[PDB]
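Remarks on the structure that follows.
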Ligand SMILES: CCCCCCCCCCCCC/C=C/[C@H](O)[C@H](N)CO
């Protein structure tokens, strides 16, 4: 009665057979903005059925020489559906997120994945140049990968100069192929400002890094996809104006 | 405490490790005939220890090109033991049945079986002739297969012109080799008459049809038998006379 | 909540995933010697933290043509640690023991082990000579194998003329590689005298005999070790004098 | 309980969850599945007794223990005939007694003495029990036969066989037939450990017998010892030996030429 | 008599030969009477 | 020290090389005192 769970948000449902306990980030539930902490005067809109649902991204084939992938979460759902449309028309934004990462295999495969969230996950340029005009900086497709995603070049340093070993302080979960096949994290709104633009500022970002490499004997299946589903819980929007893309 | 079960009827017992819930057909338990619905005047006999027990039939090797097998249940136990002897001497008969189908495999085999009961399972002849003298009709070994059993020719139409897909309205159970290895159905006495001859009328019949074919890798076991056990619960007999065979 | 167990004695701990119930030998817990049954006048010492802990012996590779191994338990810990040092200096000794035998394998290996204790397990010589001067007697390394252990020559007769089949009357436990990977027996002090020398008298002895041979397909692991851990519960020592080795 | 066990009336079950026939044997416990949790039984009031299967009714048999020869010659004479008190000389009572580890009981020793050809002539005998530590009599006219501070029995051959009662006199709290140790300290050899398994807690002295006369008596007697156990308590039950015995104080067996515990069959798929 | 109900199915890369250990005991209504000598030992070597 | 208790047994058609991830933390009686500078950085490039 602990390994099974059915999460229902809107008109979507996620059933599970091999699950650990759900993770609540920092022990705080995602709620609406109170009147004491708010600062805008205009009334925010709350669809609560059209943007609060499970959106499924693409799947990535977990190979043997894989490094890892990452995402900017207020920027992945920036163009997909009613949530993206409602976020392009508005200037302010505040919501939490519910995550679910699917990765199933047989009882003859071995491996482990580290899925965690990092608030203000800043991508660092890679180089040994200190001159201001040639210092390497990541492009826009590297900082904000969109709905597709981006890969790691040096996943041992999280592409930011911070070691992967010490990244266990964040809200994290493991996907051990002998124990479970999914990981679930519920993260609230974490920012130093009440509302913020969901276009030029990503609050946090998911990262999936295979710590133990994928191994199997010759004869089993070779395509191991990595699927991710996200539910924008308790969404609020303010400052209605023209729709901008980026 | 749900996957394990020990059924005890008479001097027989069936233990299980991989089991689903037991199925009670139409929500009615098999009981004795009341005085309001009965019509015969002579007192019926009730051994209750000599005919109410688990009788085990033969085993059939589940191959890869298998279609399916079926049985006429008041006619399979027509010659085996005290039940068959007591049914040959009597004219009237009324009992329920308890079933159990055994099919075990390893955790590297895949497949699924559909075991269900069909009241008044009438075998249809196979042909495209409408003349009365050449219209094909099934033989006696096809209508009543005996303790051995009969195979299907067109299991997609249940050998009766009714599709197998719609056969889920009957009291059924699945044998999925990754979930369980047995199926259990308890069916009461279902007929439009209180008593009836157990020689020239079969009330219902079991059918086992592999929906998903048996698949395995080269190196595992290849002999997968299909074993069936039947307990004639709450048996009654009336009209004692000479013993007839068929 | 029955298959998991964590035994803690002193500064050691044994965690388990695949476990049966713990065995308490003869339904009696190992306790201290009461004043009614005791006979010595000097006060015995009780460290209770320095000798009461899990001592791990060596590991033995379980091959396919293996016969079995055995041990003399008051003589295996005769030289290892504070327990052995405290037992060399003293003349009297009385304690119980807690056992744990580790043997793990995959879900594709098969086999079974019979681990049990035999009070006063006397090794018998092997031969057909009745003359007193040539009658074969076991050596000291065969009677008391030490911390290493000894192998069986005829494990069908337990190397003592008593059949292995009838050895199920002893406090025993099975290690079936499809059910569990460990066995646990808690045995109290069993002797006809209150105290006794732990140097020239072994109270009982463990024996591990593979009843079902180890079988596996070509491609799996081949090194299957046999690890044993012992906790000398409720130890008492008396008669302090010079330290003797054997 | 004076009877064995009564049977409760049972019936059939049609329900999930209750599995009384799936008792796991890996736990080391015995299957506790009764008949009432299985095939439908009836109500039987059993009044079969269990009194005969107790330990005091199982060890209340005499059996042969020792055979002592006494030639009493004229030119190659000895006079006396000692017999070390041990139970391992005959395999019947030994097999009946070595199915336990620790025992404690009393004795009812009985002495049946016959002649070579078999004849009860009125010759008076003297049965002496020499405790461990006492000097043994050396000769039919020795100093030790005075039996001062020493129990002895005077009986003739025409009399009924003598019978005395013997208490529990081991220095330990109970006897033992299997001693996994050594009697003394020191370095033990690797060639021939002839002192392994020896228990000093079982040497119950020596039993001697002579013929009470002056000159001699040309007769070869043959005494038999019958020991009846009583007030017996046993601990730690041990399996029964399946191999033939070879020595008295050692459970040695044949390495080659092994005796199987069950005889051979025609095939495994055949009951007869 | 021990019969094969369905089959002994086995996946690939797995040995297809197992074993069954048979145990035996007595229930609570087990009763014995009239003591006699066993027939497992008839002769004996002089010890 | 991490020792091998019995063995690492593996069935056929299964890789025979696994890995163990070691984690570390502190209990509730963990106590620190006397603040000083770290020795993980000694020099630095002019930023
Ligand atoms: C007056 C003559 C009496 C003759 C009997 C001697 C009395 C002492 C008998 C002691 C009874 C001992 C019974 C067995 C003891 C030890 O277990 C055996 N020696 C070893 O098998």
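Methodologically, a virtual Cβ is constructed for each residue, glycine included, from the backbone with ideal geometry; neighbour enumeration extends over all protein chains shown. Please treat every number below as a calculation from the coordinates, not as lab data.
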(request) Just rank B:103, C:33, fewest to most, by other beta-carbon atoms within 10 angstrom. (result) C:33, B:103
(message) I need the calculated FRET efficiency for the pair residue D:136 and residue D:69, taking r as the beta carbon distance and R₀ as 25 Å, to the nearest 0.05.
(response) 0.90
(message) Just want to confirm a number: the relative contact order over chain C, from Cα pairs under 8 angstrom separated by 6+ residues, in percent.
(response) 42 percent
(request) With springs only between Cα atoms under 10 Å apart, run a GNM on chain A and tell me which of A:93, A:189, A:156 wobbles the most. (result) A:156
(message) Can you sort B:29, F:3, C:69 from fewest to most other Cβ atoms within 10 Å of each residue's own Cβ?
(response) F:3, B:29, C:69
(message) With just the Cα atoms defining each centre, how far is segment C:81-131 from segment D:229-272? Give it in Å.
(response) 22 Å
(message) Taking 35 Å as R0, compute the FRET efficiency from the Cβ-Cβ separation of residue C:134 and residue D:54 and round it to 0.05.
(response) 0.20
(message) Which of rounded, prolate or oblate describes chain B when judged by the alpha-carbon gyration tensor and an a/c cut-off of 1.5?
(response) oblate
(message) For chain C, set up a GNM with springs between Cα atoms under 10 Å and report which of C:134, C:120, C:31 has the largest fluctuation.
(response) C:134
(request) Can you tell me the order of A:125-132, A:235-242 when each peptide is scored by its average per-residue count of other Cβ atoms within 10 angstrom, highest first? (result) A:235-242, A:125-132
(request) Summarise the partner chain shielding of B:25-37 as one whole number: the mean count of Cβ atoms from other chains within 10 Å of each residue's Cβ. (result) 0
(request) Could you check the simple spin-label distance between residue C:2 and residue C:151, using points 7 Å along Cα→Cβ, in nm with one decimal? (result) 3.9 nm
(message) Could you tell me the relative contact order of segment A:133-246? Use alpha-carbon pairs under 8 Å, at least six residues apart, and round to a whole percent.
(response) 12 percent
(request) Point me to the residue of chain A whose C-beta lies closest to the A-onto-C rotation axis, rounding the distance to whole angstrom. (result) A:107, 4
(message) I'd like the mean, over residues of C:113-126, of how many other protein chain beta carbons sit within 10 Å of each residue's own Cβ.
(response) 5
(message) So, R0 is 30 Å and r is the distance between the beta-carbons of residue F:38 and residue A:211; what FRET efficiency does that work out to, to 0.05?
(response) 0.65
(request) Using a/c under 1.5 as the rounded threshold, could you call the protein assembly as shown rounded, prolate or oblate? The axes a ≥ b ≥ c are square roots of the C-alpha gyration tensor eigenvalues, and prolate needs a/b larger than b/c, oblate otherwise. (result) oblate
(message) Which of C:22, D:268, B:226 has the fewest other C-beta atoms within 10 Å, and how do the rest follow up to the most?
(response) D:268, C:22, B:226
(request) Output the relative contact order of segment D:79-159, whole-number percent, from Cα pairs under 8 angstrom with separation of 6+ residues. (result) 35 percent
(message) From the convex hull of the Cα coordinates of segment C:43-123, what is the mean projected area in square nanometres?
(response) 7.5 nm²
(message) Test of understanding: in a Gaussian network model of chain B with alpha carbons linked when under 10 Å, which of B:40, B:183, B:112 would top the mean-square fluctuation ranking?
(response) B:40
(request) Over the whole of D:30-42, what's the average partner chain Cβ count within 10 Å per residue? Rounded to a whole number, please. (result) 4
(message) What does the C-alpha gyration tensor say about the overall shape of segment A:109-246? Classify as rounded when a/c is under 1.5, otherwise prolate if a/b is larger than b/c, or oblate.
(response) oblate
